[PDB]
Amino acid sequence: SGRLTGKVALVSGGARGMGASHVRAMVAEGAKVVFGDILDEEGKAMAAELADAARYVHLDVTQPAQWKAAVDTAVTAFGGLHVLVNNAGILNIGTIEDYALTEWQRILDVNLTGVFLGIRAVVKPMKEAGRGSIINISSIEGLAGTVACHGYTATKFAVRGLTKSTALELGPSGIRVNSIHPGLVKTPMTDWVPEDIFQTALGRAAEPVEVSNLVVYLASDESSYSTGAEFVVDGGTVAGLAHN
């Protein structure tokens, strides 16, 4: 408790799934949270139950103007902005033959460009504050490949890289940038996926809060010397070789 005292965070894609879990987890640690999404109905709903510590904003991460508005909301409503959780993302699949180029561009827009746009938008207030933490949500698909998962793999790897380039540039201003790489997490994005799809050492899929616990760590000043790094929370999948 209180591990995020005085902190203000902005979470993209926070109306449901892991994003919603991150909002709740940070609020529980004392942070004020602005969360944006395109699911306004659900967004306003949870904002009502977290009203005193969180605010919902309509945010399509593919639009820079909306990102600016989200950041201004945090600054004007809560006083500042110290944490950014680039969580918004989509999942589409397809083999090289069936995958539509429109699907490829769409996932690049949301999963990659959306993350970059978020970073661009939060740096001004963070630099003025002299401190900040940017947490980009990648995945283990950003560490290795998967059949018929080209756009998703490409963007998750890209996010992994962008985390490092921005980390190097922003470090001198007191802003850390790290990426989180989870394995299968029980959320609506993978509800159709069997929980044991991956070979894991722990033998189970993850609960969203297990990823939120990592977000809290990275958002807090406890992780003050970690930047440009990959934090894996996958139950051990990438730690082992793929066996038959």
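Numbers for residues come from their place in the sequence shown, where the first is 1.
For the segment pair 71 to 79 and 143 to 151, the entry gives 71 to 79 the higher mean B-factor, averaged over Cα atoms. Two stretches are in play, 175 to 183 and 202 to 210, and the higher mean C-alpha B-factor belongs to 202 to 210. Per the PDB record, residue ranking by Cα B-factor puts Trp104 in the middle third of the chain. Per the PDB record, residue ranking by Cα B-factor puts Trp192 in the highest third of the chain.
For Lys164, the recorded CA B-factor ranks within the lowest third of the chain. Only modelled residues enter the ranking.
Among the modelled residues of its chain, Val110 has a C-alpha B-factor that falls in the lowest third, as given in the PDB entry. For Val215, the recorded CA B-factor ranks within the lowest third of the chain. Only modelled residues enter the ranking.
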